[PDB]
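*Asks:* Structure incoming, see below.
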Amino acid sequence: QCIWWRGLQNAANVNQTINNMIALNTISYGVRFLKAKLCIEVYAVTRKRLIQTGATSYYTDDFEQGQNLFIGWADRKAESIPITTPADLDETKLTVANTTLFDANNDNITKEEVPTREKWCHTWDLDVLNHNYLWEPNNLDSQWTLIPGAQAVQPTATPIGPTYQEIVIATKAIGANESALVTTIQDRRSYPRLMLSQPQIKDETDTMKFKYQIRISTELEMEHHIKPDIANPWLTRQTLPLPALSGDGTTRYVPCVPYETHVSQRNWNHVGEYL
Amino acid sequence: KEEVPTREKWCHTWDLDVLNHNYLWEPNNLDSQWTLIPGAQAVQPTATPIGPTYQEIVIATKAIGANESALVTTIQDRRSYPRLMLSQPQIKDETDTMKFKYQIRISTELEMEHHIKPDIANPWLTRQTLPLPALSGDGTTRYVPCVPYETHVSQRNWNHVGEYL
Amino acid sequence: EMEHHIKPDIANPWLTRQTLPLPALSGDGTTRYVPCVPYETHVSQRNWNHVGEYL
Amino acid sequence: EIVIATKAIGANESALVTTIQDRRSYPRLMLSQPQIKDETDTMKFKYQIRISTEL
Amino acid sequence: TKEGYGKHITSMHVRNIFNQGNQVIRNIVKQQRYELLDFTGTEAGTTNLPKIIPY
Amino acid sequence: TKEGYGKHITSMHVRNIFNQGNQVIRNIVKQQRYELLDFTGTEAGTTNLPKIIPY
DNA sequence: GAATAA
DNA sequence: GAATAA
DNA sequence: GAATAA
DNA sequence: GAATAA
DNA sequence: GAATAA
DNA sequence: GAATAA
């Protein structure tokens with residue numbers, strides 16, 4: 001939902017692909033995120049085996065190749081990632097309290113579980129955008145900034161704005177003397193919440209503790225539409241700003257709505273009442 | 001006019017699905033009058049604005065509580081809804097008109113697909129929901145608009161134009 | 001060339017629904033700069049081809 | 001199998017609802033562990049599972 | 001080896017059996033009404049005047 | 001003669017548009033539940049004993 | 001019946 | 001038009 | 001001419 | 001694209 | 001979808 | 001199996 005594809009959670013994660021990107025965001029009037037493919041690779045599934053005699057515990061980590069990392073999808077429930085800092089978003093240290101892929105009652109998670117030597121690859125098509133438009137050229141240094149989507153749910157505190165709704169109506173400045181009523185329609189993308197969690201297994205004391213050695217692999221297709229050969233500040237017409245959260249809030253909850261329901265334009269069939 | 005004699009019925013069907021791109025109208029108990037059938041009709045009073053849902057291209061903000069919002073935003077096809085009336089022949093008698101009173105049974109049945117809730121709370125699901133074209137205002141009396149027709153205009157260039165160009 | 005779509009045979013002030021005002025500049029400015037933007041760039045909804053990285 | 005019952009319908013009326021239906025033996029169902037004698041009684045197994053029951 | 005016997009049993013694929021919030025119920029509001037149209041009166045809606053259907 | 005003009009108009013046959021009380025809605029109660037089966041305990045339902053599914 | 005004949 | 005679009 | 005040669 | 005869309 | 005849409 | 005049996 002956010003953009004960690006630049007790998008913000010540590011500034012140590014920059015590769016020329018990020019650098020190539022920055023130089024393109026300089027020479028570009030606008031951009032599209034065309035496709036985003038994520039591939040998790042699980043090298044190990046390792047629980048901490050807790051051997052407890054009364055009033056003592058022996059700890060050892062042990063490989064479980066009969067267990068696997070659960071990649072959860074929240075497709076039944078409205079949920080949000082809290083975001084504060086570029087570090088606050090990390091595939092590891094990022095969490096929400098009282099959250100479990102396993103509820104004793106209604107398990108709202110569609111899970112995809114990967115064992116050792118199996119990978120979870122998932123691709124998102126980030127081109128939501130129709131009618132010869134683009135997203136503004138952007139260096140992704142800014143967190144609380146969201147992947148291309150028409151998702152309709154914004155907080156009152158940090159409104160994402162028209163770019164976030166399906167039908168975009170916005171005003172780009174073009175300096176003081178001019179304006180652009182950049183105005184497009186785009187297809188709606190529900191982006192659920194995604195999680196990497198362990199099996200919940202009650203041990204004698206609470207849960208078993210699993211820690212997964214993995215390699216996430218996240219690669220992001222972008223067509224950087226580079227600048228004209230001649231200045232056109234008036235070219236922002238077909239550029240849109242990203243669905244970045246705007247506000248003073250230090251912490252910002254980036255929305256995840258699981259699904260876009262299908263409704264019909266079709267009339268009925270097999271309705272008994274004759275009309 | 002469409003005139004019905006005794007043992008003849010006037011049946012007329014309206015297709016109230018005006019709505020495109022995977023949207024819906026809010027769930028509504030119709031107890032509220034000054035509330036209008038689905039339409040993209042463009043004419044609203046200044047006193048009781050119907051709002052974006054009423055114009056063809058909808059741009060609206062649904063609350064989703066305080067912390068969130070939804071810029072529900074759709075396009076929909078325009079429906080002119082004329083005014084409909086049941087009246088008598090006007091026949092001058094020696095004194096003013098003849099007075100007719102019709103025994104009739106109106107029969108009004110309305111198809112609705114109620115898209116029921118998710119199996120899990122999504123206050124953020126109002127994205128594809130729209131509020132009805134209900135009139136909003138303090139006005140005790142409210143004039144609900146009827147515009148007879150949506151004129152057809154062409155994207156076609158001319159033909160049989162004498163000037164050569 | 002103009003198709004002047006003439007009025008209804010009956011008043012419909014509510015017919016402006018499908019009418020739009022022109023892109024006339026509005027303001028007090030005696031001099032007004034009418035914008036000319038040379039081109040509308042073409043961008044693709046197409047994914048790539050002949051990209052060497054396998055994915 | 002053959003139902004003969006009286007539904008009230010209030011005080012003034014009754015319904016001798018009366019049907020036939022096919023017989024269903026429903027056994028008992030259980031989730032248990034292997035019984036394995038250890039040095040002390042049985043081994044103790046505890047299963048992490050998700051039941052999924054839809055009706 | 002991980003293997004076990006069962007009936008209507010399968011290797012466990014993705015299962016989330018809650019719909020992604022897509023479901024549609026259809027009722028028709030049905031409101032037949034016998035009515036009268038009285039133009040014979042002087043009172044309010046009873047007059048020479050056309051009586052309206054506010055669809 | 002009894003005659004009149006109209007559209008979607010017909011000689012009036014039998015119309016009662018209320019159903020004779022035949023209508024069927026279908027939901028599936030869906031109750032996925034992650035659960036534990038603990039035989040490691042001495043307390044109540046945690047024992048060597050088979051745990052029951054009361055369908 | 002490039003000069004407007006639907 | 002396993003995530004209910006009759 | 002999974003390691004980007006349009 | 002009887003309710004005028006050359 | 002001579003004005004760079006791989 | 002105009003009176004709603006997907």
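Residue numbering restarts at 1 for every chain of the structure tokens, chains are lettered A, B, ... in their displayed order, and ligands are numbered from 1 as they appear.
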Which residues come within 10 Å of residue B:42, counting only C-alpha atoms (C1' of nucleotides), excluding same-chain residues fewer than 3 positions away, as a ChimeraX atom specification?
*Replies:* /B:39,50-57,78-80,145,147 /C:14-19
*Asks:* Take chain E, lay it over chain F with a least-squares fit on all the Cα atoms in order, then hand it over as a PDB file with C-alpha atoms, in the first residue's frame.
*Replies:*
```pdb
ATOM      1  CA  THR E   1     -66.798   0.930 -28.023  1.00  0.00           C
ATOM      2  CA  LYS E   2     -64.252   0.664 -25.211  1.00  0.00           C
ATOM      3  CA  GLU E   3     -60.863   1.501 -26.682  1.00  0.00           C
ATOM      4  CA  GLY E   4     -57.869   3.605 -25.781  1.00  0.00           C
ATOM      5  CA  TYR E   5     -54.306   4.255 -26.828  1.00  0.00           C
ATOM      6  CA  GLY E   6     -51.241   3.510 -24.774  1.00  0.00           C
ATOM      7  CA  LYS E   7     -47.789   1.994 -24.622  1.00  0.00           C
ATOM      8  CA  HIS E   8     -46.990  -1.199 -22.771  1.00  0.00           C
ATOM      9  CA  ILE E   9     -50.755  -1.476 -22.390  1.00  0.00           C
ATOM     10  CA  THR E  10     -52.893  -4.590 -22.526  1.00  0.00           C
ATOM     11  CA  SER E  11     -56.349  -5.937 -21.902  1.00  0.00           C
ATOM     12  CA  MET E  12     -56.473  -6.589 -18.197  1.00  0.00           C
ATOM     13  CA  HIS E  13     -55.988 -10.214 -17.234  1.00  0.00           C
ATOM     14  CA  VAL E  14     -55.606 -11.661 -13.747  1.00  0.00           C
ATOM     15  CA  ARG E  15     -52.894  -9.835 -11.825  1.00  0.00           C
ATOM     16  CA  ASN E  16     -52.003 -10.559  -8.247  1.00  0.00           C
ATOM     17  CA  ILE E  17     -48.295  -9.854  -8.005  1.00  0.00           C
ATOM     18  CA  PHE E  18     -47.779 -11.035  -4.460  1.00  0.00           C
ATOM     19  CA  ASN E  19     -46.263 -14.510  -4.536  1.00  0.00           C
ATOM     20  CA  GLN E  20     -48.305 -17.281  -2.995  1.00  0.00           C
ATOM     21  CA  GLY E  21     -45.684 -17.371  -0.249  1.00  0.00           C
ATOM     22  CA  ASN E  22     -42.997 -19.213  -2.161  1.00  0.00           C
ATOM     23  CA  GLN E  23     -39.573 -17.613  -2.004  1.00  0.00           C
ATOM     24  CA  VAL E  24     -36.171 -18.961  -1.012  1.00  0.00           C
ATOM     25  CA  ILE E  25     -33.093 -17.170   0.231  1.00  0.00           C
ATOM     26  CA  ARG E  26     -29.827 -19.033   0.565  1.00  0.00           C
ATOM     27  CA  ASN E  27     -26.996 -18.143   2.895  1.00  0.00           C
ATOM     28  CA  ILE E  28     -24.194 -20.387   3.968  1.00  0.00           C
ATOM     29  CA  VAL E  29     -23.301 -20.009   7.600  1.00  0.00           C
ATOM     30  CA  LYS E  30     -19.525 -19.837   7.370  1.00  0.00           C
ATOM     31  CA  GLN E  31     -17.559 -20.471  10.529  1.00  0.00           C
ATOM     32  CA  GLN E  32     -13.823 -21.079   9.919  1.00  0.00           C
ATOM     33  CA  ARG E  33     -12.102 -21.372  13.212  1.00  0.00           C
ATOM     34  CA  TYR E  34      -8.502 -21.820  14.108  1.00  0.00           C
ATOM     35  CA  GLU E  35      -8.488 -24.103  17.088  1.00  0.00           C
ATOM     36  CA  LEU E  36      -6.180 -26.077  19.325  1.00  0.00           C
ATOM     37  CA  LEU E  37      -6.587 -29.612  20.559  1.00  0.00           C
ATOM     38  CA  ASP E  38      -4.544 -29.983  23.748  1.00  0.00           C
ATOM     39  CA  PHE E  39      -4.167 -33.429  25.268  1.00  0.00           C
ATOM     40  CA  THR E  40      -1.170 -32.285  27.322  1.00  0.00           C
ATOM     41  CA  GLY E  41      -3.361 -31.050  30.164  1.00  0.00           C
ATOM     42  CA  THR E  42      -5.050 -32.545  33.188  1.00  0.00           C
ATOM     43  CA  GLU E  43      -7.874 -29.995  33.161  1.00  0.00           C
ATOM     44  CA  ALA E  44     -11.346 -30.823  31.896  1.00  0.00           C
ATOM     45  CA  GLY E  45     -11.272 -31.098  28.121  1.00  0.00           C
ATOM     46  CA  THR E  46      -7.480 -31.301  27.948  1.00  0.00           C
ATOM     47  CA  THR E  47      -6.598 -34.972  28.409  1.00  0.00           C
ATOM     48  CA  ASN E  48      -5.785 -38.125  26.473  1.00  0.00           C
ATOM     49  CA  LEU E  49      -9.439 -38.190  25.503  1.00  0.00           C
ATOM     50  CA  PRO E  50     -11.025 -37.841  22.059  1.00  0.00           C
ATOM     51  CA  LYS E  51     -12.349 -34.360  21.458  1.00  0.00           C
ATOM     52  CA  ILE E  52     -15.790 -34.298  19.906  1.00  0.00           C
ATOM     53  CA  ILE E  53     -17.389 -32.586  16.924  1.00  0.00           C
ATOM     54  CA  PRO E  54     -21.120 -32.313  17.730  1.00  0.00           C
ATOM     55  CA  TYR E  55     -22.593 -32.075  14.251  1.00  0.00           C
TER      56      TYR E  55
END
```
*Asks:* Which residue gives the smallest distance to chain K among A:226, A:7, A:56, A:151, with only C-alpha atoms (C1' of nucleotides) counted?
*Replies:*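 With only C-alpha atoms (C1' of nucleotides) as the atom set, the closest residue is A:226.
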*Asks:* May I have all residues of chain F that DSSP, computed from the backbone, assigns to strand (DSSP E or B), given as a ChimeraX atom specification?
*Replies:* /F:9-11,30-38,51-53
*Asks:* Could you please determine the separation between atom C1' of residue J:3 and atom CA of residue B:4 in Å, to one decimal place?
*Replies:*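 Atom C1' of residue J:3 sits 19.1 Å away from atom CA of residue B:4.
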*Asks:* Do a neighbour search on residue K:1 at 7 Å with only C-alpha atoms (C1' of nucleotides), toss out local chain neighbours closer than 2 positions, and write the hits as a VMD selection string.
*Replies:* (chain C and resid 42 44) or (chain K and resid 5)
*Asks:* Mind dumping the selected residues with N, CA and C atoms (P, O5', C5', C4', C3', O3' and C1' of nucleotides) as a short mmCIF file (atom, residue, chain, number, x, y, z; two decimals), in the first residue's frame?
*Replies:*
```
data_model
loop_
_atom_site.label_atom_id
_atom_site.label_comp_id
_atom_site.auth_asym_id
_atom_site.auth_seq_id
_atom_site.Cartn_x
_atom_site.Cartn_y
_atom_site.Cartn_z
N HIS C 42 2.06 10.50 -25.63
CA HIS C 42 1.46 9.18 -25.57
C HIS C 42 2.21 8.33 -24.57
N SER C 44 1.88 4.39 -22.46
CA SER C 44 1.37 3.06 -22.72
C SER C 44 0.70 2.47 -21.49
P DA K 5 6.98 7.32 -29.71
"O5'" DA K 5 6.34 7.86 -28.36
"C5'" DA K 5 6.69 7.28 -27.08
"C4'" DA K 5 5.61 6.34 -26.62
"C3'" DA K 5 5.67 4.94 -27.24
"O3'" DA K 5 5.85 3.96 -26.21
"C1'" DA K 5 3.44 5.84 -27.36
#
```
*Asks:* State, in Å with one decimal place, the distance from atom CA of residue A:77 to atom CA of residue B:18.
*Replies:*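 Calculated distance between atom CA of residue A:77 and atom CA of residue B:18 is 29.2 Å.
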*Asks:* From the list B:108, B:23, B:160, B:59, which residue is nearest chain H when using only C-alpha atoms (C1' of nucleotides)?
*Replies:*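 Answer, going by the shortest atom-to-atom distance: B:23.
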*Asks:* Determine, using only C-alpha atoms (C1' of nucleotides), which residues of chain A have any atom at most 12 Å from an atom of chain L, and tabulate each with its shortest atom pair and distance in Å to one decimal place, rows ordered by chain and then rising number, as JSON lines.
*Replies:*
```
{"residue": "A:268", "atom": "CA", "partner": "L:6", "partner_atom": "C1'", "distance": 9.9}
{"residue": "A:269", "atom": "CA", "partner": "L:6", "partner_atom": "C1'", "distance": 8.0}
{"residue": "A:270", "atom": "CA", "partner": "L:6", "partner_atom": "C1'", "distance": 6.0}
{"residue": "A:271", "atom": "CA", "partner": "L:4", "partner_atom": "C1'", "distance": 5.5}
{"residue": "A:272", "atom": "CA", "partner": "L:4", "partner_atom": "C1'", "distance": 3.9}
{"residue": "A:273", "atom": "CA", "partner": "L:4", "partner_atom": "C1'", "distance": 4.6}
{"residue": "A:274", "atom": "CA", "partner": "L:2", "partner_atom": "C1'", "distance": 7.1}
{"residue": "A:275", "atom": "CA", "partner": "L:2", "partner_atom": "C1'", "distance": 8.6}
```
*Asks:* What are the closest atom pairs, with distances in Å to one decimal, for all residues of stretch 54-156 of chain A lying within 12 Å of stretch 35-48 of chain D? Consider only C-alpha atoms, order rows by chain and residue number, and present the result as a tab-separated table.
*Replies:*
```
residue	atom	partner	partner_atom	distance
A:67	CA	D:48	CA	11.1
A:102	CA	D:48	CA	10.8
A:104	CA	D:48	CA	11.6
```
*Asks:* Compute the chain B side of the contact with chain E at 9 Å, counting only C-alpha atoms, and hand it back as a PyMOL selection string.
*Replies:* chain B and resi 36-37+81+83-88+90+97-120+122+125+144
*Asks:* For the residues selected in the previous step, produce a file with N, CA and C atoms as a compact mmCIF listing (two decimals), in the first residue's frame.
*Replies:*
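The resulting file, part_1.txt, is reproduced below:
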```
# COMPACT_ATOMS: atom_id res chain seq x y z
N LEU B 36 -34.98 10.75 -4.20
CA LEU B 36 -35.27 10.65 -5.61
C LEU B 36 -34.76 9.34 -6.18
N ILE B 37 -35.39 8.92 -7.27
CA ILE B 37 -35.02 7.67 -7.90
C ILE B 37 -33.68 7.83 -8.59
N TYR B 81 -36.12 12.47 -16.38
CA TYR B 81 -37.38 11.92 -15.90
C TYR B 81 -38.45 12.97 -16.06
N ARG B 83 -42.39 14.61 -16.08
CA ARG B 83 -43.44 14.56 -15.09
C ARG B 83 -44.57 13.70 -15.61
N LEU B 84 -45.18 12.95 -14.70
CA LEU B 84 -46.28 12.06 -15.04
C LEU B 84 -47.51 12.48 -14.26
N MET B 85 -48.67 12.33 -14.89
CA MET B 85 -49.92 12.81 -14.33
C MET B 85 -51.05 11.89 -14.72
N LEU B 86 -52.05 11.81 -13.85
CA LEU B 86 -53.30 11.15 -14.15
C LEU B 86 -54.38 12.22 -14.12
N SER B 87 -54.92 12.56 -15.29
CA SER B 87 -55.94 13.58 -15.40
C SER B 87 -57.10 13.07 -16.23
N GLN B 88 -58.18 13.81 -16.18
CA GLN B 88 -59.38 13.55 -16.94
C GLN B 88 -59.38 14.31 -18.25
N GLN B 90 -60.77 17.19 -20.34
CA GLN B 90 -61.35 18.49 -20.09
C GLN B 90 -62.49 18.67 -21.07
N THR B 97 -66.11 22.50 -16.34
CA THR B 97 -65.76 21.19 -16.86
C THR B 97 -66.70 20.11 -16.37
N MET B 98 -66.79 19.04 -17.14
CA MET B 98 -67.28 17.79 -16.60
C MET B 98 -66.29 17.25 -15.59
N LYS B 99 -66.81 16.56 -14.59
CA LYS B 99 -66.01 16.04 -13.50
C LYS B 99 -65.95 14.53 -13.62
N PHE B 100 -64.75 14.00 -13.81
CA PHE B 100 -64.54 12.57 -13.92
C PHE B 100 -63.79 12.08 -12.70
N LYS B 101 -64.15 10.89 -12.25
CA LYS B 101 -63.39 10.25 -11.20
C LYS B 101 -63.19 8.78 -11.54
N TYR B 102 -61.92 8.39 -11.58
CA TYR B 102 -61.50 7.09 -12.07
C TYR B 102 -61.29 6.12 -10.92
N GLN B 103 -62.00 5.01 -10.96
CA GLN B 103 -61.63 3.84 -10.18
C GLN B 103 -60.51 3.12 -10.89
N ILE B 104 -59.38 2.96 -10.21
CA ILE B 104 -58.22 2.34 -10.81
C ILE B 104 -57.51 1.54 -9.74
N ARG B 105 -56.64 0.65 -10.18
CA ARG B 105 -55.61 0.11 -9.31
C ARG B 105 -54.28 0.42 -9.96
N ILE B 106 -53.52 1.32 -9.35
CA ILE B 106 -52.11 1.42 -9.65
C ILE B 106 -51.44 0.14 -9.18
N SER B 107 -50.43 -0.31 -9.91
CA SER B 107 -49.61 -1.43 -9.46
C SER B 107 -48.17 -1.04 -9.73
N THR B 108 -47.41 -0.89 -8.66
CA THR B 108 -46.06 -0.35 -8.75
C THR B 108 -45.15 -1.38 -8.08
N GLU B 109 -44.26 -1.98 -8.86
CA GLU B 109 -43.30 -2.95 -8.35
C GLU B 109 -41.91 -2.57 -8.83
N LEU B 110 -40.92 -2.74 -7.96
CA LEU B 110 -39.62 -2.11 -8.11
C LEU B 110 -38.51 -3.13 -7.89
N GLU B 111 -37.77 -3.43 -8.95
CA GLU B 111 -36.67 -4.38 -8.85
C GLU B 111 -35.45 -3.72 -8.22
N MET B 112 -34.87 -4.42 -7.26
CA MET B 112 -33.67 -3.96 -6.58
C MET B 112 -32.77 -5.15 -6.31
N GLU B 113 -31.50 -5.00 -6.65
CA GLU B 113 -30.48 -5.91 -6.15
C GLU B 113 -29.90 -5.27 -4.90
N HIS B 114 -30.20 -5.78 -3.71
CA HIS B 114 -29.58 -5.28 -2.48
C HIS B 114 -28.26 -5.92 -2.28
N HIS B 115 -27.17 -5.24 -2.55
CA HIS B 115 -25.91 -5.93 -2.43
C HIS B 115 -25.59 -5.99 -0.97
N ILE B 116 -25.68 -7.19 -0.38
CA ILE B 116 -25.51 -7.31 1.07
C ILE B 116 -24.09 -7.16 1.57
N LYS B 117 -23.92 -6.89 2.86
CA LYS B 117 -22.61 -6.59 3.45
C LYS B 117 -21.52 -7.59 3.30
N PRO B 118 -20.26 -7.13 3.44
CA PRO B 118 -19.24 -8.16 3.47
C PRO B 118 -19.43 -9.05 4.68
N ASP B 119 -18.74 -10.17 4.64
CA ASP B 119 -18.66 -11.05 5.80
C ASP B 119 -17.76 -10.50 6.88
N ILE B 120 -17.13 -9.35 6.64
CA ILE B 120 -16.19 -8.73 7.56
C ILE B 120 -16.32 -7.22 7.38
N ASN B 122 -16.11 -3.56 6.55
CA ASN B 122 -15.33 -2.66 5.69
C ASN B 122 -16.02 -1.31 5.63
N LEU B 125 -15.60 0.34 2.55
CA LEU B 125 -16.25 -0.21 1.37
C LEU B 125 -17.22 0.77 0.73
N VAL B 144 -39.19 18.80 -6.65
CA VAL B 144 -38.35 17.75 -7.22
C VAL B 144 -38.38 17.90 -8.74
```
*Asks:* Output the contact residues of chain C with respect to chain K at a cut-off of 10 Å, based on only C-alpha atoms (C1' of nucleotides), as a short mmCIF file (atom, residue, chain, number, x, y, z; two decimals) with N, CA and C atoms, in the first residue's frame.
*Replies:*
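Final output, iface04.cif:
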```cif
data_model
loop_
_atom_site.label_atom_id
_atom_site.label_comp_id
_atom_site.auth_asym_id
_atom_site.auth_seq_id
_atom_site.Cartn_x
_atom_site.Cartn_y
_atom_site.Cartn_z
N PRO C 38 2.01 22.46 -26.44
CA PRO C 38 2.22 21.90 -27.77
C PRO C 38 1.63 20.52 -27.98
N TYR C 39 1.85 19.60 -27.05
CA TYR C 39 1.59 18.21 -27.35
C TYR C 39 1.06 17.47 -26.14
N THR C 41 1.54 13.91 -24.72
CA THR C 41 2.42 12.77 -24.88
C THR C 41 1.62 11.48 -24.85
N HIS C 42 2.06 10.50 -25.63
CA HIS C 42 1.46 9.18 -25.57
C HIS C 42 2.21 8.33 -24.57
N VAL C 43 1.46 7.73 -23.66
CA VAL C 43 2.00 6.78 -22.71
C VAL C 43 1.27 5.46 -22.92
N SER C 44 1.88 4.39 -22.46
CA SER C 44 1.37 3.06 -22.72
C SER C 44 0.70 2.47 -21.49
N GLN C 45 -0.38 1.73 -21.74
CA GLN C 45 -0.89 0.76 -20.79
C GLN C 45 -0.28 -0.61 -21.01
N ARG C 46 0.68 -0.72 -21.93
CA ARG C 46 1.28 -1.98 -22.29
C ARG C 46 2.44 -2.30 -21.37
N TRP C 48 6.08 -4.58 -20.81
CA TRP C 48 7.28 -4.49 -21.60
C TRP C 48 7.44 -5.69 -22.53
N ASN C 49 8.43 -5.57 -23.41
CA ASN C 49 8.81 -6.60 -24.35
C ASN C 49 10.28 -6.38 -24.68
N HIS C 50 11.01 -7.47 -24.87
CA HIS C 50 12.45 -7.41 -25.10
C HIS C 50 13.20 -6.86 -23.89
N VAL C 51 12.60 -6.96 -22.71
CA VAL C 51 13.31 -6.67 -21.47
C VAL C 51 14.13 -7.88 -21.07
#
```
*Asks:* I'd like the interatomic distance between atom CA of residue A:160 and atom CA of residue A:174, to a tenth of an Å.
*Replies:* 20.3 Å
*Asks:* Using only C-alpha atoms, find which residues of chain A lie within 8 Å of chain B and jot them down as a short mmCIF file (atom, residue, chain, number, x, y, z; two decimals) with C-alpha atoms, in the first residue's frame.
*Replies:*
```cif
data_model
loop_
_atom_site.label_atom_id
_atom_site.label_comp_id
_atom_site.auth_asym_id
_atom_site.auth_seq_id
_atom_site.Cartn_x
_atom_site.Cartn_y
_atom_site.Cartn_z
CA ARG A 76 -12.72 -10.03 4.74
CA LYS A 77 -11.79 -7.11 6.97
CA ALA A 78 -11.07 -3.40 6.77
CA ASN A 108 -10.64 -13.49 8.30
CA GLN A 151 -9.02 3.16 -3.72
CA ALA A 152 -11.77 5.33 -2.30
CA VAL A 153 -11.14 5.26 1.46
CA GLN A 154 -9.13 8.13 2.88
CA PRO A 155 -8.77 9.26 6.48
CA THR A 156 -10.25 12.57 7.54
CA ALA A 157 -6.91 13.40 9.15
CA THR A 158 -4.66 12.87 6.11
CA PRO A 159 -6.87 13.12 3.02
CA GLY A 161 -7.49 13.41 -2.34
CA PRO A 162 -8.98 13.16 -5.80
CA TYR A 164 -7.08 8.51 -4.76
CA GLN A 165 -10.74 8.32 -5.80
CA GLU A 166 -11.70 6.75 -9.10
CA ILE A 167 -12.61 10.02 -10.81
CA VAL A 168 -9.76 12.43 -10.22
CA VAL A 257 -9.87 -2.31 1.82
CA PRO A 258 -9.98 -6.02 1.03
CA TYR A 259 -12.29 -6.28 -1.95
CA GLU A 260 -14.30 -4.48 -4.59
CA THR A 261 -17.63 -6.24 -4.74
CA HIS A 262 -19.05 -7.15 -8.12
CA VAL A 263 -22.53 -5.86 -8.82
CA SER A 264 -24.60 -6.46 -11.91
CA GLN A 265 -26.07 -4.26 -14.57
#
```
